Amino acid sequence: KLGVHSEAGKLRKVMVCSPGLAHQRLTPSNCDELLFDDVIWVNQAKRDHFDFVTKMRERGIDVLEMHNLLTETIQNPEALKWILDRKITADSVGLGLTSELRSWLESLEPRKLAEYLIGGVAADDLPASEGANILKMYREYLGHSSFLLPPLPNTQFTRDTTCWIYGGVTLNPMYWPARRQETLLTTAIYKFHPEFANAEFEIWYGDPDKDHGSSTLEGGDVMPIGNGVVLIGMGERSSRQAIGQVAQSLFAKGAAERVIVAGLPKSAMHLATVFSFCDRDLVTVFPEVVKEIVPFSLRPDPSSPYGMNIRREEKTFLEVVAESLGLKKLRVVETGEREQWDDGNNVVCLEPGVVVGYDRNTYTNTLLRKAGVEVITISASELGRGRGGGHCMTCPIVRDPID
């Protein structure tokens, strides 16, 4: 039954990932190294998160927290073998502490382990030793990273690393060095855990065991907007080598009938980061980016060197999108009169016309509520400096079509 068949449809089952350890390790010094804008105050980011999480449960939406998913999953000796088998090598940990680290973890509670598998494993967290203690000399005298296992403070944006796309999902070959260790854990979930091992569903593209090279795909850039149409933001973090490959997979399994490729200006971002549906016929938009997007339609045609053909659409993205859906016009609330500045994109839809956005985009939020949209609010004090919104912070596994 699993499958996201639109963006605005009714949401039922979403993954998400509260902040936590991974972030506790952050540090002005390590911020960028670690790929996270600003050191947040973890305790309250967790409160605020679960908070957002609740306003979603209180609507009868099944919220899965990666953290549980991971904790359950590794209660299966085989899966756990599976993660560790890949997550502790002479190449990532170092040959001098592969057995040390492994056994330590293997020797912790189901919960304290999932924590570390996400938030990471400092040398400190290990019992005295020769080796653990050369890594402490390293971080100490010269200030090297003391990470056996590196934190993934970006797990908390679950949107990015996998995509439910109709009756199936992609395991995403991430852009930046750090996040690539994300896609693995989530694979192990989809792969072992009892709500999926049983699930009927295909894996469109991806595999944490291959090396994907220049091919990267990030959830943000993927939009299954129904009618068998997939939006893909291409250019910045998701690439032609990657896209065109999903394109053909989707096509070669009657998942989707046409992808529409959103070419994103470089001269960092994600589609949904500048384009966000709220209602059947309405989208939040970051002007200055969108008005410079260049559309291209991939389509199944047996007379292509690949089974695909590609047009340059003749209309603006908004026009092309407008049609693809069976519409003529797209209601547009552009952000990016005005009290102050906010960016109100990257909102998530719980249902046709129901949106969760930030407690701070006050101007945008009354326009949204002026276009007849109900806005659930959550707090952007900390989750906000992570540059992520509601849409970034969720991963739809189950969402209805809009006929």
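A residue's number is simply how far along the shown sequence it sits, counting from 1.
Counting the unmodelled positions of the deposited sequence between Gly336 and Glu337 gives a gap of 4 to 9 residues.
Once the C-alpha B-factors are averaged per stretch, 88 to 96 and 130 to 138 rank with 130 to 138 first. As recorded in the PDB entry, 313 to 321 is the stretch of 313 to 321 and 255 to 263 with the greater mean C-alpha temperature factor.
When the C-alpha B-factors of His193, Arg179, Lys81, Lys329 are ranked from the entry, the top spot goes to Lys329.
Note on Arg159, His212, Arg280, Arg299: the highest value goes to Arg280, judged by CA B factor as recorded. Ranked within its chain, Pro305 lands in the highest third, by CA B factor from the PDB record. Among all modelled residues in this chain, the alpha-carbon of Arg25 has a temperature factor (C-alpha) in the lowest third. In this PDB entry, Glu65 carries a Cα temperature factor that places it within the lowest third of its chain's modelled residues. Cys349: CA B factor in the highest third of modelled residues in this chain (values from the PDB entry). Annotation for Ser18: C-alpha temperature factor in the middle third relative to the rest of the modelled chain, per the entry.
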